[PDB]
């Protein structure tokens, strides 16, 4: 086993949400933004060396939607069992006061692929500079997701990654501080 490339897609009801992506050894190469009908490369430079026709994802997603309805019926309308996520917060490198870093909120092992994530700094929501990935596939068919928050380490700031998911009875907060 040396390398693995996966084309993963999904459709979810009643949310009417679908996703189409490619990953290489666990990292996302690109996915298709369904509303803009365009290919979004995980790292900007990938797009300078390759291309993918987004409309093709759109056509596959329509078939996936239709197929979900079929299976929903065939299973006698058996719904999915919620599996709550495991959440961990770490920095991408060792922290040094007044030296730029990035907090990473890793949300793993959950399904269905619907989640609410919010970065808190001293209890207040922060949005400047934040980013996130789409839902990434797992061999057990659950999902993983990453959210990021670039920050400047300080001795007084306290951060939280607040996660909500149907498998949880209450918001799950994972704290971090220097």
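Positions refer to the first chain, counted from 1.
Look at the mean CA B-factor for 150 to 158 and for 166 to 174 in the entry; the higher one is 150 to 158. Stretches 46 to 54 and 23 to 31 differ in mean C-alpha B factor, with the higher average recorded for 46 to 54. Remark: residue 111 belongs to the lowest third of its chain, ranked by C-alpha B-factor as recorded. When the CA B factors of the chain's modelled residues are split into thirds, the value for residue 79 lands in the middle one. Annotation for residue 144: C-alpha temperature factor in the lowest third relative to the rest of the modelled chain, per the entry. In the deposited entry, the Cα temperature factor of residue 59 sits in the middle third of values across the chain's modelled residues. Remark: residue 71 belongs to the middle third of its chain, ranked by C-alpha B-factor as recorded.
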